[PDB]
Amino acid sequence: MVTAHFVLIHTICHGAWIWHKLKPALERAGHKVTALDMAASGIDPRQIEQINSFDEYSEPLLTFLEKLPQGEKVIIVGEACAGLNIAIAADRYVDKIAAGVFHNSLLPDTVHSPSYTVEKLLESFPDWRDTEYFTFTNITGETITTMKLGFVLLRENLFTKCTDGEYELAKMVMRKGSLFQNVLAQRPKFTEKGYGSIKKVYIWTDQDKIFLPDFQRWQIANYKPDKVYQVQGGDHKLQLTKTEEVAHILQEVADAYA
């Protein structure tokens, strides 16, 4: 039974707080856990308007990996849009990464554009209901769209089965975010030697109400992971509704990729 160092990466608009129940669960099995806020997320001091690409949004993860001591490897667990943060970081630090784990997450490939799975998500789920949108121009002239997730979307689609205290916490600390979709459309594809070579484990539930079953099935078919684990029940936030199920699958990933 292997203990491991996990780096947990929240999705846009959220912050490390989404991992507050999974991080103790994991530490109870002896694992070391790091949960990072990405730029302008959680209590990071930057505003979204100063972030110019998804690669700049990933800076807390890249800096972390940058400083990881020689010879140490981590398992990066990313939720929803954070599959893009795993792919960005894996192209830069492939030798520091024992495995990438995708938790009801976007699963980028090497063959199509970095925005491809974002395009496919928005095709499967085009209406973000009461979500609001805004734009700014980044330092190079591109117009970036930000969003403030709507509370009906949060209650019914993202936190579908979460307790009222979890849902309320989400509304108390949620921040603006961006897909940087057009910037991703312009980004070079993820490399085969980096992202393409890491081990990939995909955790999902078909009860997810925003990364819907047919999109998740399309992603697995489009770019087969090494392992797919499906959890029965729960909702999009499996680390809150099926916390011990996720800590157990993650124990299997530690055993397998050390």
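A residue's number is simply how far along the shown sequence it sits, counting from 1.
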State which stretch shows the higher mean Cα B factor in the entry: 222-230 or 39-47. 222-230
Higher average CA B factor in the deposited record is what I'm after, so tell me if that's 102-110 or 169-177. 102-110
Residue with highest C-alpha B-factor in the PDB entry, from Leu65, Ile203, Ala29, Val33: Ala29
Would you mind ranking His248 by its C-alpha B-factor against the rest of the chain and naming the third, lowest, middle or highest? highest
Comparing against every modelled residue in the chain, figure out the third that the C-alpha B-factor of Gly196 lands in (lowest, middle or highest). middle
The third of the chain into which the C-alpha temperature factor of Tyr57 falls is the lowest
Going by what the PDB entry lists, where does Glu142 fall on CA B-factor within its chain: lowest, middle or highest third? highest
Among the modelled residues of its chain, does the C-alpha B-factor of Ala185 lie in the lowest, middle or highest third? highest
